[PDB]
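Okay, coords01.pdb now, which holds PDB, C-alpha atoms (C1' of nucleotides):
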ATOM      1  CA  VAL A 108     -36.635   6.361 -38.073  1.00  0.00           C
ATOM      2  CA  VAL A 109     -35.747   2.656 -37.968  1.00  0.00           C
ATOM      3  CA  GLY A 110     -36.993   0.543 -40.849  1.00  0.00           C
ATOM      4  CA  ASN A 111     -36.000  -0.895 -44.194  1.00  0.00           C
ATOM      5  CA  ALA A 112     -32.459   0.179 -45.047  1.00  0.00           C
ATOM      6  CA  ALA A 113     -33.182   0.308 -48.781  1.00  0.00           C
ATOM      7  CA  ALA A 114     -36.362   2.342 -48.173  1.00  0.00           C
ATOM      8  CA  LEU A 115     -35.121   5.223 -45.990  1.00  0.00           C
ATOM      9  CA  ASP A 116     -34.883   7.631 -48.946  1.00  0.00           C
ATOM     10  CA  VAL A 117     -38.606   8.391 -49.222  1.00  0.00           C
ATOM     11  CA  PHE A 118     -38.424   9.299 -45.521  1.00  0.00           C
ATOM     12  CA  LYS A 119     -36.360  12.351 -46.509  1.00  0.00           C
ATOM     13  CA  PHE A 120     -39.097  13.457 -48.919  1.00  0.00           C
ATOM     14  CA  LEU A 121     -41.734  12.817 -46.243  1.00  0.00           C
ATOM     15  CA  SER A 122     -39.761  14.690 -43.562  1.00  0.00           C
ATOM     16  CA  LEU A 123     -38.639  17.697 -45.613  1.00  0.00           C
ATOM     17  CA  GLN A 124     -42.009  19.274 -44.647  1.00  0.00           C
ATOM     18  CA  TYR A 125     -40.467  20.215 -41.286  1.00  0.00           C
ATOM     19  CA  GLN A 126     -37.941  22.297 -43.264  1.00  0.00           C
ATOM     20  CA  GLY A 127     -38.947  25.730 -44.526  1.00  0.00           C
ATOM     21  CA  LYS A 128     -42.636  25.823 -43.654  1.00  0.00           C
ATOM     22  CA  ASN A 129     -44.426  24.685 -40.495  1.00  0.00           C
ATOM     23  CA  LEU A 130     -46.350  22.034 -42.456  1.00  0.00           C
ATOM     24  CA  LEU A 131     -44.694  18.847 -41.225  1.00  0.00           C
ATOM     25  CA  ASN A 132     -48.000  18.211 -39.426  1.00  0.00           C
ATOM     26  CA  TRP A 133     -49.934  19.063 -42.592  1.00  0.00           C
ATOM     27  CA  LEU A 134     -49.375  15.849 -44.570  1.00  0.00           C
ATOM     28  CA  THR A 135     -51.297  13.314 -42.459  1.00  0.00           C
ATOM     29  CA  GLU A 136     -53.750  15.560 -40.603  1.00  0.00           C
ATOM     30  CA  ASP A 137     -54.626  19.124 -41.644  1.00  0.00           C
ATOM     31  CA  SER A 138     -54.333  18.367 -45.355  1.00  0.00           C
ATOM     32  CA  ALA A 139     -55.364  21.921 -46.250  1.00  0.00           C
ATOM     33  CA  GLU A 140     -51.573  22.371 -46.373  1.00  0.00           C
ATOM     34  CA  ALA A 141     -51.514  19.337 -48.713  1.00  0.00           C
ATOM     35  CA  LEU A 142     -54.364  20.184 -51.103  1.00  0.00           C
ATOM     36  CA  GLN A 143     -53.272  23.518 -52.614  1.00  0.00           C
ATOM     37  CA  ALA A 144     -49.609  22.776 -53.343  1.00  0.00           C
ATOM     38  CA  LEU A 145     -49.924  19.000 -53.478  1.00  0.00           C
ATOM     39  CA  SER A 146     -51.925  19.125 -56.732  1.00  0.00           C
ATOM     40  CA  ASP A 147     -53.435  15.645 -56.407  1.00  0.00           C
ATOM     41  CA  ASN A 148     -56.966  14.258 -56.562  1.00  0.00           C
ATOM     42  CA  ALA A 149     -59.056  12.969 -53.651  1.00  0.00           C
ATOM     43  CA  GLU A 150     -57.712   9.425 -54.084  1.00  0.00           C
ATOM     44  CA  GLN A 151     -54.100  10.697 -54.043  1.00  0.00           C
ATOM     45  CA  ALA A 152     -54.682  13.052 -51.084  1.00  0.00           C
ATOM     46  CA  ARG A 153     -56.439  10.285 -49.134  1.00  0.00           C
ATOM     47  CA  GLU A 154     -53.706   7.765 -50.001  1.00  0.00           C
ATOM     48  CA  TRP A 155     -50.994  10.188 -48.866  1.00  0.00           C
ATOM     49  CA  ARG A 156     -52.840  10.978 -45.623  1.00  0.00           C
ATOM     50  CA  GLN A 157     -53.274   7.245 -44.976  1.00  0.00           C
ATOM     51  CA  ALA A 158     -49.702   6.214 -45.824  1.00  0.00           C
ATOM     52  CA  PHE A 159     -48.129   9.073 -43.829  1.00  0.00           C
ATOM     53  CA  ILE A 160     -49.819   7.875 -40.617  1.00  0.00           C
ATOM     54  CA  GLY A 161     -47.864   4.601 -40.655  1.00  0.00           C
ATOM     55  CA  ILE A 162     -44.658   6.327 -39.585  1.00  0.00           C
ATOM     56  CA  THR A 163     -45.602   7.722 -36.166  1.00  0.00           C
ATOM     57  CA  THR A 164     -48.118   4.945 -35.451  1.00  0.00           C
ATOM     58  CA  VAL A 165     -47.325   1.254 -35.022  1.00  0.00           C
ATOM     59  CA  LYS A 166     -45.460  -0.585 -37.779  1.00  0.00           C
ATOM     60  CA  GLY A 167     -45.559  -4.148 -36.439  1.00  0.00           C
ATOM     61  CA  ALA A 168     -46.481  -6.352 -33.482  1.00  0.00           C
ATOM     62  CA  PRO A 169     -44.916  -5.856 -30.015  1.00  0.00           C
ATOM     63  CA  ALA A 170     -42.311  -8.569 -29.460  1.00  0.00           C
ATOM     64  CA  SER A 171     -38.682  -9.244 -28.569  1.00  0.00           C
ATOM     65  CA  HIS A 172     -35.820 -11.385 -29.881  1.00  0.00           C
ATOM     66  CA  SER A 173     -33.422 -14.105 -28.757  1.00  0.00           C
ATOM     67  CA  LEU A 174     -30.448 -11.756 -29.178  1.00  0.00           C
ATOM     68  CA  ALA A 175     -32.003  -9.270 -26.748  1.00  0.00           C
ATOM     69  CA  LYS A 176     -30.896  -8.983 -23.129  1.00  0.00           C
ATOM     70  CA  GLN A 177     -34.007  -9.428 -20.903  1.00  0.00           C
ATOM     71  CA  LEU A 178     -32.466  -9.256 -17.430  1.00  0.00           C
ATOM     72  CA  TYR A 179     -34.077 -10.570 -14.228  1.00  0.00           C
ATOM     73  CA  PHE A 180     -34.780  -8.379 -11.215  1.00  0.00           C
ATOM     74  CA  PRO A 181     -35.653  -9.708  -7.737  1.00  0.00           C
ATOM     75  CA  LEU A 182     -38.814  -8.348  -6.247  1.00  0.00           C
ATOM     76  CA  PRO A 183     -39.277  -7.342  -2.588  1.00  0.00           C
ATOM     77  CA  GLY A 184     -41.085 -10.474  -1.468  1.00  0.00           C
ATOM     78  CA  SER A 185     -42.146 -11.985  -4.803  1.00  0.00           C
ATOM     79  CA  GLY A 186     -40.676 -13.535  -7.931  1.00  0.00           C
ATOM     80  CA  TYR A 187     -39.086 -11.666 -10.821  1.00  0.00           C
ATOM     81  CA  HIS A 188     -39.796  -9.271 -13.657  1.00  0.00           C
ATOM     82  CA  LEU A 189     -37.978  -9.611 -16.952  1.00  0.00           C
ATOM     83  CA  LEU A 190     -36.434  -6.265 -17.880  1.00  0.00           C
ATOM     84  CA  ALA A 191     -35.625  -5.954 -21.585  1.00  0.00           C
ATOM     85  CA  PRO A 192     -33.628  -2.722 -22.026  1.00  0.00           C
ATOM     86  CA  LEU A 193     -33.490  -0.663 -25.200  1.00  0.00           C
ATOM     87  CA  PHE A 194     -31.075   1.781 -26.803  1.00  0.00           C
ATOM     88  CA  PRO A 195     -31.990   5.449 -26.198  1.00  0.00           C
ATOM     89  CA  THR A 196     -31.535   6.802 -29.725  1.00  0.00           C
ATOM     90  CA  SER A 197     -33.154  10.137 -28.811  1.00  0.00           C
ATOM     91  CA  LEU A 198     -31.028  10.573 -25.680  1.00  0.00           C
ATOM     92  CA  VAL A 199     -27.799   9.587 -27.406  1.00  0.00           C
ATOM     93  CA  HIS A 200     -28.578  12.039 -30.216  1.00  0.00           C
ATOM     94  CA  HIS A 201     -29.172  14.800 -27.665  1.00  0.00           C
ATOM     95  CA  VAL A 202     -26.012  14.109 -25.636  1.00  0.00           C
ATOM     96  CA  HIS A 203     -24.002  13.647 -28.850  1.00  0.00           C
ATOM     97  CA  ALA A 204     -25.062  17.046 -30.200  1.00  0.00           C
ATOM     98  CA  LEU A 205     -24.503  18.431 -26.689  1.00  0.00           C
ATOM     99  CA  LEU A 206     -20.934  17.171 -26.563  1.00  0.00           C
ATOM    100  CA  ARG A 207     -20.003  18.151 -30.135  1.00  0.00           C
ATOM    101  CA  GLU A 208     -20.425  21.804 -29.128  1.00  0.00           C
ATOM    102  CA  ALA A 209     -18.580  21.244 -25.830  1.00  0.00           C
ATOM    103  CA  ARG A 210     -15.451  19.513 -27.111  1.00  0.00           C
ATOM    104  CA  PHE A 211     -15.182  21.580 -30.306  1.00  0.00           C
ATOM    105  CA  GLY A 212     -17.183  24.406 -31.868  1.00  0.00           C
ATOM    106  CA  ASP A 213     -16.940  28.193 -31.879  1.00  0.00           C
ATOM    107  CA  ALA A 214     -16.726  29.241 -28.227  1.00  0.00           C
ATOM    108  CA  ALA A 215     -15.131  26.026 -26.916  1.00  0.00           C
ATOM    109  CA  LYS A 216     -12.236  26.533 -29.357  1.00  0.00           C
TER
ATOM    110  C1'   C B   1     -30.540 -15.939 -13.106  1.00  0.00           C
ATOM    111  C1'   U B   2     -25.554 -10.348 -13.628  1.00  0.00           C
ATOM    112  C1'   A B   3     -26.960  -5.065 -21.292  1.00  0.00           C
ATOM    113  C1'   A B   4     -27.231 -12.762 -19.092  1.00  0.00           C
ATOM    114  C1'   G B   5     -25.921 -16.736 -22.786  1.00  0.00           C
ATOM    115  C1'   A B   6     -21.273 -17.449 -28.086  1.00  0.00           C
ATOM    116  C1'   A B   7     -16.566 -16.250 -30.697  1.00  0.00           C
ATOM    117  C1'   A B   8      -8.802 -17.495 -34.036  1.00  0.00           C
ATOM    118  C1'   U B   9      -6.984 -11.102 -36.628  1.00  0.00           C
ATOM    119  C1'   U B  10      -3.742 -12.969 -39.815  1.00  0.00           C
ATOM    120  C1'   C B  11       0.742 -12.181 -42.746  1.00  0.00           C
ATOM    121  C1'   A B  12       5.754  -9.084 -44.891  1.00  0.00           C
ATOM    122  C1'   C B  13       9.870  -5.583 -44.231  1.00  0.00           C
ATOM    123  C1'   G B  14      17.683  -1.990 -44.936  1.00  0.00           C
ATOM    124  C1'   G B  15      16.982   4.458 -41.805  1.00  0.00           C
ATOM    125  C1'   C B  16      20.894   6.350 -43.875  1.00  0.00           C
ATOM    126  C1'   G B  17      25.125   9.524 -44.616  1.00  0.00           C
ATOM    127  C1'   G B  18      28.749  14.246 -42.150  1.00  0.00           C
ATOM    128  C1'   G B  19      31.161  16.972 -38.195  1.00  0.00           C
ATOM    129  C1'   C B  20      37.310  21.271 -33.785  1.00  0.00           C
ATOM    130  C1'   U B  21      33.615  23.408 -27.788  1.00  0.00           C
ATOM    131  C1'   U B  22      36.884  26.985 -26.619  1.00  0.00           C
ATOM    132  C1'   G B  23      39.515  30.356 -23.401  1.00  0.00           C
ATOM    133  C1'   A B  24      40.791  32.617 -17.397  1.00  0.00           C
ATOM    134  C1'   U B  25      41.609  32.255 -12.204  1.00  0.00           C
ATOM    135  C1'   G B  26      45.221  33.184  -4.442  1.00  0.00           C
ATOM    136  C1'   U B  27      40.517  29.468   0.005  1.00  0.00           C
ATOM    137  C1'   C B  28      42.383  32.062   3.834  1.00  0.00           C
ATOM    138  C1'   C B  29      42.434  32.414   9.424  1.00  0.00           C
ATOM    139  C1'   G B  30      42.707  30.126  15.351  1.00  0.00           C
ATOM    140  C1'   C B  31      42.916  26.439  18.916  1.00  0.00           C
ATOM    141  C1'   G B  32      45.703  22.501  26.214  1.00  0.00           C
ATOM    142  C1'   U B  33      41.807  16.099  25.650  1.00  0.00           C
ATOM    143  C1'   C B  34      41.829  15.234  30.799  1.00  0.00           C
ATOM    144  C1'   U B  35      42.393  11.707  34.679  1.00  0.00           C
ATOM    145  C1'   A B  36      42.147   6.128  36.506  1.00  0.00           C
ATOM    146  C1'   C B  37      43.898   1.034  37.473  1.00  0.00           C
ATOM    147  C1'   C B  38      46.337  -6.551  40.533  1.00  0.00           C
ATOM    148  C1'   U B  39      45.084 -11.851  33.653  1.00  0.00           C
ATOM    149  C1'   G B  40      49.288 -17.402  38.116  1.00  0.00           C
ATOM    150  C1'   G B  41      41.419 -17.429  31.660  1.00  0.00           C
ATOM    151  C1'   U B  42      42.878 -24.051  33.366  1.00  0.00           C
ATOM    152  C1'   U B  43      47.704 -19.743  26.100  1.00  0.00           C
ATOM    153  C1'   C B  44      43.918 -28.482  27.347  1.00  0.00           C
ATOM    154  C1'   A B  45      39.251 -30.107  33.576  1.00  0.00           C
ATOM    155  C1'   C B  46      45.638 -32.365  33.241  1.00  0.00           C
ATOM    156  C1'   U B  47      50.839 -32.816  29.864  1.00  0.00           C
ATOM    157  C1'   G B  48      54.750 -35.976  29.796  1.00  0.00           C
ATOM    158  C1'   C B  49      56.555 -40.224  33.632  1.00  0.00           C
ATOM    159  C1'   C B  50      57.586 -48.409  35.563  1.00  0.00           C
ATOM    160  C1'   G B  51      52.299 -52.904  32.028  1.00  0.00           C
ATOM    161  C1'   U B  52      49.102 -51.114  25.376  1.00  0.00           C
ATOM    162  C1'   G B  53      45.157 -53.944  31.063  1.00  0.00           C
ATOM    163  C1'   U B  54      41.649 -49.005  35.778  1.00  0.00           C
ATOM    164  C1'   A B  55      47.199 -49.861  41.361  1.00  0.00           C
ATOM    165  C1'   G B  56      52.136 -45.512  41.329  1.00  0.00           C
ATOM    166  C1'   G B  57      58.039 -42.531  43.286  1.00  0.00           C
ATOM    167  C1'   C B  58      57.646 -37.070  39.516  1.00  0.00           C
ATOM    168  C1'   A B  59      59.229 -30.063  36.968  1.00  0.00           C
ATOM    169  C1'   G B  60      53.515 -30.228  41.010  1.00  0.00           C
TER
END

Just dump the structure as structure tokens.
Amino acid sequence: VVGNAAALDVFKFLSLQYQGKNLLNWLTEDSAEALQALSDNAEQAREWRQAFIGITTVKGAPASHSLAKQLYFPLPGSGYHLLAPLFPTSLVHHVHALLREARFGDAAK
RNA sequence: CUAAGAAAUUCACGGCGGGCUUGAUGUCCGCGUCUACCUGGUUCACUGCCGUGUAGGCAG
């Protein structure tokens, strides 16, 4: 979850719903798991279901930056495409958790 | 047209003190090397000889 650095504390309260229950997908859609133990009115339930959709959906406009890479690639019989690569946060999290049980851990030690 | 394109790491210092490596010893033993012959290399391409000048009798 990339975003405002001094605003990533409410993300823990929004994402604790995938801990304990199975109601992480109950806050935005399927608010029957957010009406009985939420204890808010229709304005509060609607405002929560509207504000919780702005995480997984788009946050801003699709763009790039001058400090990005944006390589060129020659085409087979044409000009070029600009290739702007990105950092695989999901893949590096998966390989990082994969290697922390392979270098140390219970069985590997 | 390259994870393209850009960049000052700076500075300082006590490692220090001590000390028994000891003792012993059999290297023994044997043997056929064998035959063969022409330097006056020019031990300076000439020493030393009547004129230091280009012709000459000598130890040849």

_Which residues are close to residue 59 in chain B, i.e. within 12 Å by all atoms listed in the file, leaving aside same-chain residues fewer than 4 positions away? Reply as a PyMOL selection string._
chain B and resi 47-49

*Find the residues of chain A in contact range of chain B, meaning any atom within 7 Å when counting all atoms listed in the file, and list them as a list in words.*
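Here they are: residues 176, 178 and 179 of chain A.
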
*Taking the point (-37.1, -11.8, -25.0) as given in the file, collect each protein or nucleic acid residue that comes within 12 Å of it, counting all atoms listed in the file, and present the set as a PyMOL selection string.*
(chain A and resi 169-179+188-193) or (chain B and resi 4)

*What lies within 12 Å of residue 151 in chain A using all atoms listed in the file, ignoring chain neighbours under 6 positions off, as a PyMOL selection string?*
chain A and resi 134+138+141-142+145+157-159

*What is the distance, in Å and to one decimal place, between CA of residue 126 in chain A and CA of residue 144 in chain A?*
15.4 Å

*Between CA of residue 165 in chain A and CA of residue 131 in chain A - distance in Å to one decimal*: 18.8 Å

*Taking into account all atoms listed in the file, which residue in the set A:213, A:184, A:163, A:202 is nearest to residue 109 in chain A?*
A:163

Output as lines of an AutoDock Vina configuration file the centre and edge lengths (Å, one decimal) of the box along x, y and z of the file that holds every listed atom of range 207-210 of chain A after adding 3 Å on each side.
center_x = -17.9
center_y = 20.0
center_z = -28.0
size_x = 11.0
size_y = 9.7
size_z = 10.3

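In this model, the gap between CA of residue 136 in chain A and CA of residue 156 in chain A comes to 6.9 Å.
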
*Would you mind listing what lies within 10 Å of residue 196 in chain A as a PyMOL selection string, with all atoms listed in the file counted and same-chain residues fewer than 4 positions away left out?*
chain A and resi 108+200-201

Take the residues from that selection and write them out as a PDB file, in the frame of the given file, keeping C-alpha atoms.
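Saved result, part-v7.pdb, follows:
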ATOM      1  CA  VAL A 108     -36.635   6.361 -38.073  1.00  0.00           C
ATOM      2  CA  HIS A 200     -28.578  12.039 -30.216  1.00  0.00           C
ATOM      3  CA  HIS A 201     -29.172  14.800 -27.665  1.00  0.00           C
TER       4      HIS A 201
END

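The residue set within 10 Å of range 110-125 of chain A, counting all atoms listed in the file and dropping same-chain residues fewer than 4 places from it, reads residues 129, 130, 131, 132, 133, 134, 155, 159, 162 and 166 of chain A.
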
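Proximity to residue 164 in chain A was assessed for A:135, A:205, A:197, A:149 counting all atoms listed in the file; the smallest distance is recorded for A:135.
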
Atom completion result for range 135-150 of chain A (N, CA and C atoms) as a PDB file, in the coordinates of the input:
ATOM      1  N   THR A 135     -50.334  14.304 -42.927  1.00  0.00           N
ATOM      2  CA  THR A 135     -51.297  13.314 -42.459  1.00  0.00           C
ATOM      3  C   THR A 135     -52.616  13.969 -42.058  1.00  0.00           C
ATOM      4  N   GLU A 136     -52.586  14.806 -41.029  1.00  0.00           N
ATOM      5  CA  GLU A 136     -53.750  15.560 -40.603  1.00  0.00           C
ATOM      6  C   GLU A 136     -53.542  17.026 -40.957  1.00  0.00           C
ATOM      7  N   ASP A 137     -54.649  17.743 -41.161  1.00  0.00           N
ATOM      8  CA  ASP A 137     -54.626  19.124 -41.644  1.00  0.00           C
ATOM      9  C   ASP A 137     -54.068  19.197 -43.070  1.00  0.00           C
ATOM     10  N   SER A 138     -54.741  18.456 -43.956  1.00  0.00           N
ATOM     11  CA  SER A 138     -54.333  18.367 -45.355  1.00  0.00           C
ATOM     12  C   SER A 138     -54.759  19.572 -46.190  1.00  0.00           C
ATOM     13  N   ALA A 139     -55.243  20.645 -45.559  1.00  0.00           N
ATOM     14  CA  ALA A 139     -55.364  21.921 -46.250  1.00  0.00           C
ATOM     15  C   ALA A 139     -54.006  22.464 -46.674  1.00  0.00           C
ATOM     16  N   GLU A 140     -52.941  22.124 -45.940  1.00  0.00           N
ATOM     17  CA  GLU A 140     -51.573  22.371 -46.373  1.00  0.00           C
ATOM     18  C   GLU A 140     -51.027  21.266 -47.271  1.00  0.00           C
ATOM     19  N   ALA A 141     -51.882  20.361 -47.746  1.00  0.00           N
ATOM     20  CA  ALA A 141     -51.514  19.337 -48.713  1.00  0.00           C
ATOM     21  C   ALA A 141     -52.504  19.233 -49.864  1.00  0.00           C
ATOM     22  N   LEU A 142     -53.434  20.182 -49.979  1.00  0.00           N
ATOM     23  CA  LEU A 142     -54.364  20.184 -51.103  1.00  0.00           C
ATOM     24  C   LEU A 142     -53.986  21.227 -52.154  1.00  0.00           C
ATOM     25  N   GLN A 143     -53.513  22.395 -51.714  1.00  0.00           N
ATOM     26  CA  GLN A 143     -53.272  23.518 -52.614  1.00  0.00           C
ATOM     27  C   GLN A 143     -51.938  23.445 -53.337  1.00  0.00           C
ATOM     28  N   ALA A 144     -50.913  22.890 -52.700  1.00  0.00           N
ATOM     29  CA  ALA A 144     -49.609  22.776 -53.343  1.00  0.00           C
ATOM     30  C   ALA A 144     -49.244  21.318 -53.582  1.00  0.00           C
ATOM     31  N   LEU A 145     -50.078  20.398 -53.102  1.00  0.00           N
ATOM     32  CA  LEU A 145     -49.924  19.000 -53.478  1.00  0.00           C
ATOM     33  C   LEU A 145     -50.290  18.783 -54.939  1.00  0.00           C
ATOM     34  N   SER A 146     -51.462  19.263 -55.354  1.00  0.00           N
ATOM     35  CA  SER A 146     -51.925  19.125 -56.732  1.00  0.00           C
ATOM     36  C   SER A 146     -52.258  17.675 -57.082  1.00  0.00           C
ATOM     37  N   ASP A 147     -52.966  17.002 -56.185  1.00  0.00           N
ATOM     38  CA  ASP A 147     -53.435  15.645 -56.407  1.00  0.00           C
ATOM     39  C   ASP A 147     -54.944  15.582 -56.212  1.00  0.00           C
ATOM     40  N   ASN A 148     -55.529  14.476 -56.665  1.00  0.00           N
ATOM     41  CA  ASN A 148     -56.966  14.258 -56.562  1.00  0.00           C
ATOM     42  C   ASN A 148     -57.328  13.767 -55.158  1.00  0.00           C
ATOM     43  N   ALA A 149     -58.600  13.414 -54.964  1.00  0.00           N
ATOM     44  CA  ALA A 149     -59.056  12.969 -53.651  1.00  0.00           C
ATOM     45  C   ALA A 149     -58.497  11.595 -53.302  1.00  0.00           C
ATOM     46  N   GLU A 150     -58.351  10.718 -54.300  1.00  0.00           N
ATOM     47  CA  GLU A 150     -57.712   9.425 -54.084  1.00  0.00           C
ATOM     48  C   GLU A 150     -56.245   9.560 -53.700  1.00  0.00           C
TER      49      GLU A 150
END
